[PDB]
Amino acid sequence: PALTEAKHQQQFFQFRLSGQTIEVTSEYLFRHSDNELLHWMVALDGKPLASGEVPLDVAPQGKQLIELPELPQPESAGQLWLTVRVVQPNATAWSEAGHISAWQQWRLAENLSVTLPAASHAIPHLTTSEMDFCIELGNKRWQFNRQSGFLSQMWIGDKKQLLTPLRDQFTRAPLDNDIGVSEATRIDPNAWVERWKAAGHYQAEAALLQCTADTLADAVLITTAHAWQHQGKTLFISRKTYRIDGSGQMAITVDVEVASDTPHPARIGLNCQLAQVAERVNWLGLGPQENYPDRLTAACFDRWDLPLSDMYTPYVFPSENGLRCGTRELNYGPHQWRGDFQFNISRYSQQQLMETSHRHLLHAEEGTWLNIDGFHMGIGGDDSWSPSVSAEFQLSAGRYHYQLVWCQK
Amino acid sequence: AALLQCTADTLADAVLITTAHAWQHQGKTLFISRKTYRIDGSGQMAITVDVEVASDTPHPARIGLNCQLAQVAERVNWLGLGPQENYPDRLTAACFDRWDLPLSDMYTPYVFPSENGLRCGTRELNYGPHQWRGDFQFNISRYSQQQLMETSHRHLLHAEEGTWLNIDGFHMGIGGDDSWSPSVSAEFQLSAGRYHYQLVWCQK
């Protein structure tokens, strides 16, 4: 997937947007843009409102101004984005006709949603047991284990939806860059992985600090607090709220605190193993290829739909992979999640990835493993034998907040 | 500001209030602010703020709250960066400790008045019987932002009725590479789109 990043950064045409005008600059030193078409397009959250085509006429090292027709100004809420692509109409000796040689995208506007969800005709119904809290609403049921403080299971009808409870995750199956040259015999203590390991990130223990349930007039509200510790040190604290309303939507709010003296964590998110297994993955966010925080310029914000298989990157030596960033809506099966996050989805758990040395040895697990990250560390790469993730991409803030909505159709 | 929602509920350990407001201007929704206030049996009020900023509006100078307190005290005590005025792009010289100054010192008498006096990375602020905790930046004085902005010379400012307090979850940098063009670097503009902050307010 890195190849795309290269392709984009190395493109020969550069763009600037000013008002309704696009300014094109050519980085060719000798040729004129004589086999180039510019396609543009405006979309609102993935929905297309307008498209166009213009042929390029730029001299090597020159500029071309492209005047855009008046753009649509939807009322509907969402993000309006402009995307341009350069196409080579005719084939060449090294390319086919219709080859895309450059692209660029811009956010034009945003209409914030000031809307209120309508009344529910009922509200969920709570039930306290000793072991759990159980909320029910129609066919839908959710259960929270009182000893772990986690959402342990959920049903739609009589069908269980999870094989594993939903929980916080702060680590990743290490990348080659996270490892560098640390060998088991000859450990390299500066390698990220060595530091995470040693701080106990990989083996910290969750401790329930608090798990309460309350009935409000419009919904049921659950509150939890957990601490992850390791040998006396509290590495992280996670405080959440789950609110289930009469519409069957569950809203989750997460606030995490990270000890300033622990190595910055690879990620801040949640995970679970879903029971279900589907064909496609559909999302509204950056894509379509795998993208990470320090490797996402080539990606575009749109609506993508791929087969599950494509959400996995078969690096010969396995590690965390497949992420997609800046996602606002994710759909898989009957589920739907909304917020602002990054995720990955596949049949391999982080643990399996991390424990299998060759791709050919991985085996698909029981359902689908989903990792939803509020934040994720960069990947680096300036070199592979020293820490190469720039500071702007390390999770060093100390306090993080994220939220999501989970629902079914 | 437009009220979108204001609910109250009784939980077992406290009372919970929830609000949502939208700020608009000529049809456009510039910002949305959603909060929760939770008052427990200990008399502490915890506030949680989540703001959304339209990506196409110019980044705002700040994201916070304000109010005019009735009280007027002598000293200001805080645990955060100080002791002098510090802003996000001007705070390396400041130190994180416990400071105590006279109210007067929390004001910077620039001949031509403007926003001033801020202190960043504050974890606890005490003034009078009040106490606030969180992670924020603030300023405190007898002049409202409106007065500062409307008075051209320092000598013309008049102390207002009580104390004006500005608690910011976030604040834009000040710049200065030059004074005749936009000089605030990008890393100091409030461009994230979504902001979250929280505090605890209590009395002694």
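Residues numbered from 1 in each chain as written, not as in the entry; some residues may be left out. Chains lettered and ligands numbered in written order. Part of a larger assembly, values for the part shown. Heavy atoms only, no water.

Where the PDB entry is consulted, chain B appears under the name BETA-GALACTOSIDASE, with the organism given as Escherichia coli. The record deposited in the PDB is entitled "E. COLI (LAC Z) BETA-GALACTOSIDASE (NCS CONSTRAINED MONOMER-MONOCLINIC)".

The name given to chain A in the PDB entry is BETA-GALACTOSIDASE, and the organism recorded there is Escherichia coli.

### A closer look at unusual backbone geometry
Residues apart from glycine generally show negative phi values, whereas peptide bonds are mostly found in trans. Convention followed: To qualify as a helix, a DSSP run of H or I must reach at least 4 residues; to qualify as a strand, a run of E must reach at least 2; elements of each kind are numbered from the N terminus.
Cis rather than trans, the peptide bond between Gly287(A) and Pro288(A) has omega equal to 5 degrees. Within the fold, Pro288(A) resides in the loop between β19 (280–287) and β20 (300–307). Of note, the amide linkage connecting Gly82(B) to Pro83(B) takes the cis form, showing an omega dihedral of 5 degrees. Along the chain, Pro83(B) turns up in the loop between β6 (75–82) and β7 (95–102). Even without a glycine there, the phi angle at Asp45(A) is positive, about 55 degrees. Position of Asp45(A) among the secondary structure elements: in the loop between β3 (37–44) and β4 (47–55).

### Examining the interface of chain A and chain B
Selection rule: We call two residues in contact whenever any of their non-hydrogen atoms come within 4.5 Å of each other. When two parts are put together, the accessible area they lose, computed with a 1.4 Å probe and summed over both, is reported as buried area. Salt bridges are defined as contacts in which a side-chain nitrogen from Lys or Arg sits within 4 Å of a carboxyl oxygen from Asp or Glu. In the analysis that follows, any N or O atom pair within 3.5 Å is treated as a polar contact, provided that within protein one partner can donate a hydrogen and the other can accept it, and provided that, for residues neighboring in sequence, both atoms belong to side chains.
Residue-level contacts link 21 residues of chain A with 24 residues of chain B. Both sides of the chain A and chain B interface together cover about 1,600 Å² of buried area, and 48% of this is carbon and sulfur. Taken as a group, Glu110(A), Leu112(A) and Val114(A) account for 32% of the area that chain A buries against chain B, more than any other trio of residues on that side. If you look at where chain A meets chain B, you find 2 salt bridges. When the shortest N-O distance is used, the salt bridge between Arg194(B) and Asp340(A) registers 2.8 Å. Seen at the junction of chain A and chain B, the total is 11 residue pairs in polar contact.

### Observations regarding the sheet that holds β3(A)
Residues and elements named next belong to chain A. Which entries qualify depends on this criterion: Strand pairing is assigned whenever DSSP detects at least two bridges linking the two strands. For every element, the axis is a line fit to its C-alpha atoms; helices are fit only across the contacting stretch, and the angle between N-to-C directions ranges from 0 to 180 degrees.
Taken together, the 4 strands give an open sheet; going across it, the order is β4-β3-β6-β7, and neighbouring strands pair in antiparallel fashion. For this open sheet the edge positions go to β4 and β7 (99–111), each flanked by a neighbour on one side alone. The average angle at which neighbouring strand axes cross in this sheet is 15 degrees, direction not considered.

### Looking at the packing of aromatic side chains
Geometrically, a pair of aromatic rings is defined through the distance of the ring centres and the angle of the planes. The line we're drawing: For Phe, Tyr and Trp, rings pair up if their centres lie within 6.5 Å, where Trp contributes its six-membered ring, and each pair is then called stacked (planes under 30 degrees apart), edge-to-face (over 60) or tilted (otherwise). Exposure categories follow from relative accessible area, calculated using a 1.4 Å probe and restricted to protein chains: below 20% of the type maximum is buried, above 50% is exposed, and the middle band is partly exposed.
Overall, the coordinates contain 20 aromatic pairs over all chains when judged by the stated rule. For the ring pair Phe375(A) and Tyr402(A), a centre distance of 6.3 Å and an interplane angle of 85 degrees mean the geometry is edge-to-face. Residue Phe375(A) is found in strand β23 (residues 368–376), and its partner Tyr402(A) is found in strand β24 (residues 399–408); the two are separated by 27 residues along the sequence. Residue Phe375(A) is classed as partly exposed on the basis of its relative accessible area, which comes to 25%. With a centroid separation of 6.3 Å and an interplanar angle of 85 degrees, the aromatic rings of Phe170(B) and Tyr197(B) are classed as edge-to-face. In this pair, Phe170(B) sits in strand β10 (residues 163–171) while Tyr197(B) sits in strand β11 (residues 194–203), placing the two residues 27 residues apart along the sequence. For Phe170(B), a relative accessible area of 25% corresponds to the partly exposed category. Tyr197(B) sits in the buried class, given a relative accessible area of 6%. In this structure an aromatic cluster arises from ring pairing among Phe12(A), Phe13(A) and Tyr28(A).

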